[PDB]
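Worksheet: one structure, shown below.
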Amino acid sequence: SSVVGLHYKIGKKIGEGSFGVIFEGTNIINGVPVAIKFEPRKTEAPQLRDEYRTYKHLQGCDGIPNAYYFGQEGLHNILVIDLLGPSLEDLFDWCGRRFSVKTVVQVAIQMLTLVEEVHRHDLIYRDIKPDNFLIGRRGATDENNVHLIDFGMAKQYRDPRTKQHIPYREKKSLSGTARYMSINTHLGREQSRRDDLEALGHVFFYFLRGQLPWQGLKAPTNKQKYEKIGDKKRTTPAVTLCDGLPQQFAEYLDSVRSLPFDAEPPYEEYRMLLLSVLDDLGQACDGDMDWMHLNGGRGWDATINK
Ligand SMILES: N#Cc1ccc2c(-c3ccncc3)c(-c3ccc(F)cc3)nn2c1
Ligand SMILES: [Cl-]
Ligand SMILES: [Cl-]
């Protein structure tokens, strides 16, 4: 049958990899598009049912897509949420693998707000990457606003009732993307709120510079590759990363790297630190992004960009 979850008709496939078979969809009652995720029934790693619950907990938060359905049709588990636009990594490639300082600042304060709101709901993301931050669709009120998806790596870091932080431990497995993960993650330490923000700091320099100095490293295995990357992170000062860039980005990374394990980060202070960049450069925070000027002003399109 073409309809899953009673009200959602399948459509074009937009993915089939690290997170299952993903399709485009359309709500058959109102026509609103949706994203349909397919995951097999008996799998080695069941991560969908907990993701549906994560969207339900974060329901109503701006930037988090609404969860509409979770089902068991056939040998597949199905999740239906809002259909969003391209990822920040997608817009990054289309803009020449470099974002302007103004775009990075405005995107950074939305990413900090998203991650904060996740932390308010007693969760840490632990998978910070530009590929998981998506903009909206065209004509929508949140077309160029940043969103956050994919919560399969999220974990509760404090009791939802007593607000007691999880204990600190080590000797944990290195899981995530080595290009952005915190230094503490490279060392197998337990992740907390500080590690989501440090990873953001890596992405900010990634957007600004077009690359990170620990990209393209070689090693016989993947374990030694993750170690060489982590070694370069502890070898490269933040001011070295911030060469020719507003030093508030290095000041941000050094601050989040110095946070204690159970400390609540000063989110609004970090947003005010990055906003001061626009004051030093005489720029306004009006919401104008680099990808909005793509294709003579049309923006991103399907045939040319991807
Ligand atoms: N790299 C990468 C990458 C890009 C985009 C993307 C999406 C997505 C979200 C909204 N609209 C369209 C695509 C999802 C996803 C997450 C949960 C869900 F229930 C359905 C889909 N994962 N994901 C991964
Ligand atoms: Cl885990
Ligand atoms: Cl790499």
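Values in this text are rule-based calculations from the coordinates and carry no lab data. Every residue, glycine as well, gets a Cβ built from its backbone with ideal geometry; the counts of neighbours run over all protein chains shown.
Going 7 Å from the Cα of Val3 toward and past its Cβ, which residues in region 51-85 have a backbone nitrogen under 20 Å from where you end up?
68-83
For an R0 of 25 angstrom, estimate the FRET efficiency from the Cβ-Cβ distance between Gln156 and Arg41 and round to the nearest 0.05.
Working: r = 26 Å, r/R0 = 1.04.
Working from the Cβ atoms, E equals 0.45.
Take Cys285, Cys95 and order them by how many other Cβ atoms sit within 10 Å, fewest up front.
Going from least to most buried by this count: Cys285, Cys95.
Which of the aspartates and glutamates could a cross-linker span from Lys42 if the Cα-Cα distance has to be under 16 Å and same-chain partners fewer than 8 positions apart are dropped?
Partners within reach: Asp50, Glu73.
Using 0.36 nm times the number of residues separating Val21 and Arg137, minus their current alpha carbon distance, what extension gain do you get?
Gain in length upon complete extension: 39.7 nm.
What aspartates and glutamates sit close enough to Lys223 to cross-link, taking a C-alpha to C-alpha distance under 13 Å and skipping anything fewer than 8 places away on the same chain?
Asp231
Work out the FRET efficiency for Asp62 and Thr303 from their Cβ-Cβ distance, taking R0 = 25 Å, and round it to the nearest 0.05.
According to the calculation, E is roughly 0.20.
Taking neighbour Cβ counts within 10 Å as the exposure measure, how do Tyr180, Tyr267 sort from fewest upward? Intermediate results must be reported in sequence, preceding the final value.
Details: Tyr180 21, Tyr267 18.
Result, fewest neighbours first: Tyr267, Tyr180.
Computed FRET efficiency, Cβ-Cβ of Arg98 and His165, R0 51 Å: what is it to the nearest 0.05?
0.85
Using the Karplus curve 6.51 cos²θ - 1.76 cosθ + 1.60 with θ = phi - 60°, what ³J(HN,Hα) values do you get for each residue of region 149-165, in whole Hz, with x for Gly and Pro?
For region 149-165, the Karplus-derived couplings read 10, 6, 10, x, 9, 6, 8, 5, 9, 7, 5, x, 10, 8, 6, 8, 5 Hz, x marking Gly and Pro.
Summing +1 for each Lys or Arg and -1 for each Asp or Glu, what net charge is found among the other residues whose Cβ lies under 15 Å from the Cβ of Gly11? Mind dumping the intermediate values first?
On the way: positive: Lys9, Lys12, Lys13, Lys37, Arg137; negative: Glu16, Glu24, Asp82.
Taking every Cβ under 15 Å from that of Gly11, the sum is +2.
Could you pull the Rg and Dmax for the chain, using just the Cα atoms, both in Å?
According to the Cα coordinates of the chain, Rg and Dmax are 19.8, 58 Å.
Express the relative contact order of region 1-155 as a whole percentage, based on alpha carbon pairs under 8 Å and six or more residues apart in sequence.
19
Put +1 on the Cβ of every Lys and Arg and -1 on every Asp and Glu Cβ in the chain; which of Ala154, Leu88, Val107 then has its Cα farthest towards the positive end of the dipole?
Result: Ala154.
Which three lengths, in whole Å and largest first, does region 1-84 cover when its Cα atoms are put on their principal axes?
Reported extents, whole Å, longest axis first: 34, 30, 21.
Need the C-alpha centroid separation for region 65-88 versus region 122-195, integer Å.
Taking the Cα centre of region 122-195 as reference, the centre of region 65-88 is 20 Å away.
Farthest toward the dipole's positive end in the chain, which of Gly244, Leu134, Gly282, given Cβ charges of +1 (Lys, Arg) and -1 (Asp, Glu) about the Cα centre?
Result: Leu134.
What full-extension length gain, to one decimal in nm, is calculated for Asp122 and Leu275 as 0.36 nm per residue of separation minus the Cα-Cα distance?
Computed gain between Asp122 and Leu275 is 52.4 nm.
About the Cα centre, and with charges only on the beta carbon of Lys, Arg (+1) and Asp, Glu (-1), how big is the dipole of region 85-306? Nearest 20 debye, please.
Once rounded to the nearest 20, the dipole reads 1040 debye.
How high is the relative contact order of the chain, given as a whole-number percent (alpha carbon pairs under 8 Å, six or more residues apart)?
15
Does a label point 7 Å from the Cα of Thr240, set along Cα-to-beta-carbon, have any residues of region 257-288 with amide nitrogen under 12 Å, and which are they?
Under 12 Å, as judged by backbone N against the label point of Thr240, lies no residue of region 257-288.
Would you order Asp127, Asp262 from fewest to most other beta-carbon atoms within 10 Å of each residue's own beta-carbon?
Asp262, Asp127
Check which residues have an amide H placed less than 5 Å from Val21's amide H, if you skip close sequence neighbours.
When sequence neighbours closer than 5 places are left aside, the close amide H contacts are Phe38.
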